[PDB]
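Raw contents of input.csv, CSV, C-alpha atoms and all ligand atoms:
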```
chain,number,residue,atom,x,y,z
A,37,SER,CA,122.6,155.5,127.2
A,38,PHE,CA,121.0,152.1,127.3
A,39,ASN,CA,123.4,149.2,126.4
A,40,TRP,CA,122.4,145.7,125.3
A,41,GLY,CA,124.2,143.2,123.1
A,42,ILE,CA,121.1,141.1,122.3
A,43,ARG,CA,123.0,137.8,122.6
A,44,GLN,CA,126.8,137.2,122.4
A,45,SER,CA,126.5,133.9,120.7
A,46,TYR,CA,124.0,135.4,118.1
A,47,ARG,CA,126.5,138.2,117.3
A,48,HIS,CA,129.2,135.6,117.0
A,49,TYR,CA,127.0,133.6,114.7
A,50,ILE,CA,126.2,136.5,112.4
A,51,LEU,CA,129.9,137.6,112.1
A,52,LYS,CA,131.9,134.3,112.6
A,53,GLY,CA,129.5,131.3,112.5
A,54,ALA,CA,127.6,129.8,109.6
A,55,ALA,CA,126.1,133.1,108.8
A,56,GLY,CA,129.5,134.8,108.8
A,57,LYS,CA,131.1,132.3,106.4
A,58,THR,CA,128.3,133.1,103.9
A,59,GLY,CA,128.3,136.9,103.8
A,60,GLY,CA,127.4,137.7,107.3
A,61,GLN,CA,127.3,141.3,108.5
A,62,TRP,CA,125.3,143.8,110.4
A,63,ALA,CA,124.4,147.5,109.9
A,64,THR,CA,122.8,150.1,112.2
A,65,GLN,CA,121.3,153.6,112.1
A,66,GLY,CA,121.0,155.8,115.2
A,67,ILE,CA,122.6,153.0,117.3
A,68,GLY,CA,126.3,152.6,118.1
A,69,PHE,CA,128.4,149.7,119.4
A,70,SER,CA,131.1,149.4,122.0
A,71,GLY,CA,133.2,146.5,123.0
A,72,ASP,CA,134.1,143.2,121.4
A,73,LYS,CA,131.9,142.5,118.4
A,74,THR,CA,131.6,138.8,119.2
A,75,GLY,CA,132.5,139.2,122.9
A,76,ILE,CA,130.7,139.2,126.3
A,77,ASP,CA,131.2,143.0,126.9
A,78,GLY,CA,130.0,144.0,123.5
A,79,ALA,CA,126.7,146.0,123.4
A,80,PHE,CA,124.7,148.1,121.0
A,81,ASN,CA,124.2,151.6,122.4
A,82,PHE,CA,120.7,153.0,122.4
A,83,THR,CA,120.0,156.8,122.9
A,84,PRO,CA,116.7,157.6,124.6
A,85,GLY,CA,114.0,159.8,123.3
A,86,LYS,CA,111.2,161.6,125.1
A,87,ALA,CA,109.8,159.2,127.7
A,88,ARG,CA,106.0,158.8,128.3
A,89,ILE,CA,104.8,158.3,131.9
A,90,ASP,CA,101.6,156.4,133.0
A,91,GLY,CA,101.7,156.3,136.8
A,92,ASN,CA,104.6,154.0,137.7
A,93,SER,CA,105.2,152.8,134.1
A,94,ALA,CA,107.6,154.6,131.8
A,95,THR,CA,107.7,153.9,128.0
A,96,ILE,CA,111.2,155.1,126.8
A,97,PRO,CA,111.8,155.2,123.0
A,98,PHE,CA,115.1,154.6,121.3
A,99,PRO,CA,115.3,155.7,117.7
A,100,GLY,CA,117.0,153.7,114.9
A,101,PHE,CA,117.4,150.2,113.6
A,102,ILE,CA,119.7,147.2,113.7
A,103,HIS,CA,119.9,145.2,110.5
A,104,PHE,CA,121.4,141.7,110.5
A,105,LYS,CA,122.2,139.8,107.3
A,106,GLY,CA,123.7,136.5,106.4
A,107,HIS,CA,123.5,133.2,104.4
A,108,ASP,CA,124.2,134.2,100.8
A,109,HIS,CA,124.7,130.8,99.3
A,110,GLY,CA,125.3,132.0,95.7
A,111,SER,CA,121.7,132.6,94.7
A,112,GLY,CA,122.0,136.4,94.9
A,113,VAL,CA,119.7,136.6,97.9
A,114,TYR,CA,120.4,136.8,101.6
A,115,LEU,CA,118.5,134.0,103.2
A,116,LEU,CA,119.0,135.6,106.7
A,117,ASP,CA,117.7,139.2,106.6
A,118,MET,CA,116.6,140.4,110.1
A,119,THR,CA,115.7,144.1,110.8
A,120,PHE,CA,114.9,145.4,114.3
A,121,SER,CA,113.4,148.9,114.6
A,122,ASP,CA,111.0,150.9,116.9
A,123,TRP,CA,113.0,150.1,120.0
A,124,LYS,CA,111.1,150.9,123.2
A,125,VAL,CA,111.3,149.8,126.9
A,126,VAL,CA,108.2,149.7,129.1
A,127,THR,CA,108.8,149.4,132.8
A,128,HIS,CA,106.5,147.4,135.0
A,129,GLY,CA,108.1,148.0,138.5
A,130,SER,CA,110.8,145.4,139.0
A,131,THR,CA,110.7,144.1,135.4
A,132,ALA,CA,110.9,145.9,132.1
A,133,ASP,CA,109.9,144.7,128.6
A,134,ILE,CA,112.0,145.3,125.5
A,135,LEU,CA,109.7,146.0,122.5
A,136,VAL,CA,110.7,146.0,118.8
A,137,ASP,CA,109.2,146.1,115.3
A,138,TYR,CA,110.8,143.2,113.3
A,139,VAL,CA,111.1,142.1,109.7
A,140,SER,CA,112.6,138.7,109.2
A,141,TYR,CA,112.3,135.5,107.2
A,142,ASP,CA,111.6,131.9,108.4
A,143,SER,CA,114.0,129.0,107.6
A,144,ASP,CA,114.4,125.2,108.0
A,145,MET,CA,118.2,125.8,107.9
A,146,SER,CA,118.6,123.4,105.0
A,147,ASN,CA,117.3,125.1,101.7
A,148,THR,CA,120.2,127.1,100.3
A,149,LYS,CA,118.3,128.5,97.3
A,150,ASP,CA,114.9,129.5,98.4
A,151,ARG,CA,114.3,132.2,101.0
A,152,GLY,CA,111.5,131.3,103.4
A,153,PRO,CA,108.4,133.4,104.1
A,154,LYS,CA,108.5,136.9,105.5
A,155,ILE,CA,107.6,137.4,109.1
A,156,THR,CA,106.9,140.7,110.7
A,157,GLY,CA,105.9,141.7,114.2
A,158,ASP,CA,104.8,145.2,115.5
A,159,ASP,CA,105.2,146.2,119.2
A,160,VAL,CA,106.3,142.7,119.9
A,161,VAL,CA,108.0,142.0,123.2
A,162,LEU,CA,111.4,140.7,122.4
A,163,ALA,CA,112.8,140.2,125.9
A,164,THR,CA,112.2,141.0,129.6
A,165,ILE,CA,114.7,142.5,131.9
A,166,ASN,CA,114.9,141.3,135.5
A,167,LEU,CA,116.0,144.7,136.8
A,168,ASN,CA,118.7,145.0,139.5
A,169,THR,CA,116.8,148.0,141.0
A,170,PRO,CA,113.0,148.7,140.5
A,171,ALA,CA,112.1,151.4,138.0
A,172,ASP,CA,110.5,154.5,139.5
A,173,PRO,CA,109.5,157.2,137.0
A,174,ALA,CA,108.9,159.8,139.7
A,175,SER,CA,112.7,159.9,140.5
A,176,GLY,CA,113.5,161.3,137.0
A,177,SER,CA,115.9,158.5,136.0
A,178,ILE,CA,115.6,154.8,135.3
A,179,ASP,CA,118.5,152.3,135.8
A,180,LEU,CA,118.1,149.6,133.2
A,181,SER,CA,120.8,147.2,134.4
A,182,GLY,CA,119.8,143.6,134.8
A,183,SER,CA,119.5,140.2,133.3
A,184,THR,CA,117.4,139.3,130.2
A,185,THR,CA,115.3,136.3,129.0
A,186,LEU,CA,113.8,135.7,125.6
A,187,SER,CA,110.1,136.1,125.1
A,188,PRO,CA,107.8,133.6,123.3
A,189,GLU,CA,107.5,136.0,120.4
A,190,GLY,CA,111.2,136.6,120.0
A,191,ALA,CA,111.7,132.8,120.2
A,192,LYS,CA,109.7,132.4,117.0
A,193,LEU,CA,111.9,135.1,115.5
A,194,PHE,CA,115.3,133.6,116.5
A,195,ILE,CA,114.1,130.0,115.9
A,196,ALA,CA,117.0,128.2,117.4
A,197,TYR,CA,116.5,129.3,121.1
A,198,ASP,CA,114.2,128.1,123.8
A,199,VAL,CA,111.5,130.3,125.4
A,200,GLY,CA,113.0,131.8,128.5
A,201,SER,CA,116.6,131.4,127.2
A,202,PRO,CA,119.0,133.9,128.8
A,203,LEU,CA,120.2,136.8,126.6
A,204,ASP,CA,122.9,139.4,127.1
A,205,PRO,CA,122.6,141.5,130.3
A,206,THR,CA,121.7,145.2,130.1
A,207,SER,CA,123.2,148.3,131.6
A,208,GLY,CA,122.8,152.1,131.7
A,209,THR,CA,120.8,154.8,133.4
A,210,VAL,CA,118.7,157.0,131.2
A,211,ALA,CA,116.9,160.2,131.9
A,212,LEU,CA,113.3,160.7,130.8
A,213,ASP,CA,113.5,164.3,129.5
A,214,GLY,CA,114.3,163.7,125.8
A,301,LIG,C1,119.7,128.2,104.7
A,301,LIG,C2,120.0,128.9,105.7
A,301,LIG,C3,120.6,128.5,107.1
A,301,LIG,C4,121.5,127.6,107.4
A,301,LIG,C5,122.2,126.5,106.6
A,301,LIG,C6,121.7,127.7,108.9
A,301,LIG,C7,122.6,126.8,109.6
A,301,LIG,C8,122.9,127.0,110.9
A,301,LIG,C9,124.0,126.4,111.5
A,301,LIG,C10,125.0,125.4,110.9
A,301,LIG,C11,124.0,126.8,112.8
A,301,LIG,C12,125.1,126.4,113.8
A,301,LIG,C13,126.1,127.5,114.1
A,301,LIG,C14,126.6,127.5,115.5
A,301,LIG,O1,125.9,126.9,116.4
A,301,LIG,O2,127.7,128.0,115.7
A,301,LIG,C15,123.0,127.7,113.0
A,301,LIG,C16,122.6,128.4,114.2
A,301,LIG,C17,121.7,129.4,114.3
A,301,LIG,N1,120.9,129.9,113.3
A,301,LIG,FE1,121.0,129.3,111.4
A,301,LIG,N2,121.0,128.7,109.4
A,301,LIG,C18,120.3,129.2,108.3
A,301,LIG,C19,119.4,130.3,108.4
A,301,LIG,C20,119.0,130.9,109.6
A,301,LIG,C21,118.0,131.9,109.7
A,301,LIG,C22,117.2,132.6,108.6
A,301,LIG,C23,117.9,132.3,111.0
A,301,LIG,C24,117.0,133.4,111.4
A,301,LIG,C25,116.4,133.4,112.6
A,301,LIG,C26,118.9,131.5,111.8
A,301,LIG,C27,119.2,131.5,113.1
A,301,LIG,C28,120.1,130.8,113.8
A,301,LIG,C29,120.4,131.0,115.2
A,301,LIG,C30,119.8,132.0,116.2
A,301,LIG,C31,121.4,130.1,115.5
A,301,LIG,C32,122.0,130.0,116.9
A,301,LIG,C33,123.3,130.9,117.0
A,301,LIG,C34,124.0,130.9,118.3
A,301,LIG,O3,123.7,131.6,119.2
A,301,LIG,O4,125.0,130.1,118.5
A,301,LIG,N3,119.6,130.7,110.9
A,301,LIG,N4,122.3,127.8,111.8
```

Spell out the structure here as structure tokens.
Amino acid sequence: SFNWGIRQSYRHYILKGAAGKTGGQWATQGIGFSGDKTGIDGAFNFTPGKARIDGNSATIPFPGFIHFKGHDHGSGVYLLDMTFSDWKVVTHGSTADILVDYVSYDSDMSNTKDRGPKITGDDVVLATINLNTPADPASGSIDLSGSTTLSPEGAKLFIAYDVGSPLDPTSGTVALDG
């Protein structure tokens, strides 16, 4: 199991912040959750698929999606509507990239009637793990614990955060068999 809470302050925003006061929620398929929902130890739980090895680089898939919603301001439409699927982690020695397919919508955070334009991204790097131990695919297992920073492409997706902002730390050792 690979564990990551994306960002604690983002999960607090969806459930208790300005998104949470206007219909904020999340839903998952294939992915669990453990810990405090708006807390530091809270993390989504990703189950690995069959890994793919290219030398010293493992690409580990994790099936399922995470769907965040919020900001119903009475128009019948969720103005925040953010789906994260096709989770994969590609290791690059001492770092690992977290890859997603997203569907989201842009916003100026002012218009409470009109949903902004759809944005998608396929095989987009969302974050990079500075790994505690370097990833070796020849050992049969990869420890994914480490600290994370937000990518330039996820920073377009999350809007409010800077490029290279810290995200939630990761944990868990997964096997590569399936
Ligand atoms: C009309 C719609 C929206 C309004 C009025 C709005 C307003 C706000 C407000 C008041 C905050 C401050 C909350 C806080 O700091 O605790 C906030 C933060 C934030 N908003 Fe929005 N927002 C809207 C839509 C969106 C959308 C579509 C996104 C999608 C990317 C988004 C992403 C964020 C993020 C990431 C934060 C930072 C949360 C954190 O970690 O503390 N917002 N917004």

**Request:** Would you list the residues near (115.2, 160.8, 135.3) (no more than 10 Å away, in the coordinates of the file, using only C-alpha atoms) as a PyMOL selection string?
**Result:** chain A and resi 87+172-179+209-214

**Request:** Kindly indicate which residue among A:200, A:60, A:97, A:106 lies nearest to residue A:159, using all atoms listed in the file for the distances.
**Result:**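 Looking only at the distances to residue A:159, the closest residue turns out to be A:97.
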
**Proximity to ligand LIG 301 (chain A) - best of A:89, A:79, A:136, A:55, all atoms listed in the file** =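 Once distances to ligand LIG 301 (chain A) are computed over all atoms listed in the file, the minimum belongs to A:55.
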
**Request:** Just the residues within 8 Å of stretch 120-126 of chain A, please, counting only C-alpha atoms, with nothing from its chain fewer than 3 positions along; format it as number ranges by chain.
**Result:** A: 93-103, 132-139, 159

**Message:** With distances taken over all atoms listed in the file, which residue among A:184, A:64, A:44, A:143 lies nearest residue A:165?
**Reply:**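 With all atoms listed in the file as the atom set, the closest residue is A:184.
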
Using all atoms listed in the file, find each residue with an atom at most 6 Å away from ligand LIG 301 (chain A) and format the answer as a PDB file with C-alpha atoms, in the coordinates of the input.
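Just written: result22.pdb:
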```pdb
ATOM      1  CA  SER A  45     126.500 133.900 120.700  1.00  0.00           C
ATOM      2  CA  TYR A  46     124.000 135.400 118.100  1.00  0.00           C
ATOM      3  CA  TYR A  49     127.000 133.600 114.700  1.00  0.00           C
ATOM      4  CA  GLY A  53     129.500 131.300 112.500  1.00  0.00           C
ATOM      5  CA  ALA A  54     127.600 129.800 109.600  1.00  0.00           C
ATOM      6  CA  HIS A 107     123.500 133.200 104.400  1.00  0.00           C
ATOM      7  CA  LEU A 115     118.500 134.000 103.200  1.00  0.00           C
ATOM      8  CA  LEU A 116     119.000 135.600 106.700  1.00  0.00           C
ATOM      9  CA  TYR A 141     112.300 135.500 107.200  1.00  0.00           C
ATOM     10  CA  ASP A 142     111.600 131.900 108.400  1.00  0.00           C
ATOM     11  CA  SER A 143     114.000 129.000 107.600  1.00  0.00           C
ATOM     12  CA  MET A 145     118.200 125.800 107.900  1.00  0.00           C
ATOM     13  CA  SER A 146     118.600 123.400 105.000  1.00  0.00           C
ATOM     14  CA  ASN A 147     117.300 125.100 101.700  1.00  0.00           C
ATOM     15  CA  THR A 148     120.200 127.100 100.300  1.00  0.00           C
ATOM     16  CA  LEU A 193     111.900 135.100 115.500  1.00  0.00           C
ATOM     17  CA  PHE A 194     115.300 133.600 116.500  1.00  0.00           C
ATOM     18  CA  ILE A 195     114.100 130.000 115.900  1.00  0.00           C
ATOM     19  CA  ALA A 196     117.000 128.200 117.400  1.00  0.00           C
TER      20      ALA A 196
END
```

**Item:** Atomic distance atom CA of residue A:66 - atom CA of residue A:114, expressed in Å with one decimal
**Value:**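 Interatomic distance here is 23.4 Å.
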
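Compared by their closest atoms to residue A:155, and using all atoms listed in the file, the residues A:65, A:207, A:74, A:119 rank with A:119 nearest.
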
**Item:** Nearest to residue A:202, chosen from A:169, A:140, A:164, A:130, with all atoms listed in the file counted in the distances
**Value:** A:164

Which protein, DNA or RNA residues have an atom at most 12 Å from (131.5, 135.7, 120.0), counting all atoms listed in the file? List them as a tab-separated table (two decimals) with C-alpha atoms, in the coordinates of the input.
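The result, written out as point02.tsv:
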```tsv
chain	number	residue	atom	x	y	z
A	41	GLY	CA	124.20	143.20	123.10
A	42	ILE	CA	121.10	141.10	122.30
A	43	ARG	CA	123.00	137.80	122.60
A	44	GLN	CA	126.80	137.20	122.40
A	45	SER	CA	126.50	133.90	120.70
A	46	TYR	CA	124.00	135.40	118.10
A	47	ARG	CA	126.50	138.20	117.30
A	48	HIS	CA	129.20	135.60	117.00
A	49	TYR	CA	127.00	133.60	114.70
A	50	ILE	CA	126.20	136.50	112.40
A	51	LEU	CA	129.90	137.60	112.10
A	52	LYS	CA	131.90	134.30	112.60
A	53	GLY	CA	129.50	131.30	112.50
A	56	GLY	CA	129.50	134.80	108.80
A	71	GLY	CA	133.20	146.50	123.00
A	72	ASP	CA	134.10	143.20	121.40
A	73	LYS	CA	131.90	142.50	118.40
A	74	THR	CA	131.60	138.80	119.20
A	75	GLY	CA	132.50	139.20	122.90
A	76	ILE	CA	130.70	139.20	126.30
A	77	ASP	CA	131.20	143.00	126.90
A	78	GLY	CA	130.00	144.00	123.50
A	79	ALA	CA	126.70	146.00	123.40
A	204	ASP	CA	122.90	139.40	127.10
```

Hey, could you pull the box centre and edge lengths for stretch 103-110 of chain A, axis-aligned, 3 Å padding per side, all listed atoms, to one decimal in Å, as AutoDock Vina command-line options?
```
--center_x 122.6 --center_y 138.0 --center_z 103.1 --size_x 11.4 --size_y 20.4 --size_z 20.8
```

**Item:** Top pick for closest residue to residue A:110, considering A:58, A:70, A:92, A:81 and counting only C-alpha atoms
**Value:**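 Checking each candidate against residue A:110, we get A:58 as the closest.
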
**Separation of atom CA of residue A:182 from atom CA of residue A:170 in Å** =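 Distance between the two atoms: 10.2 Å.
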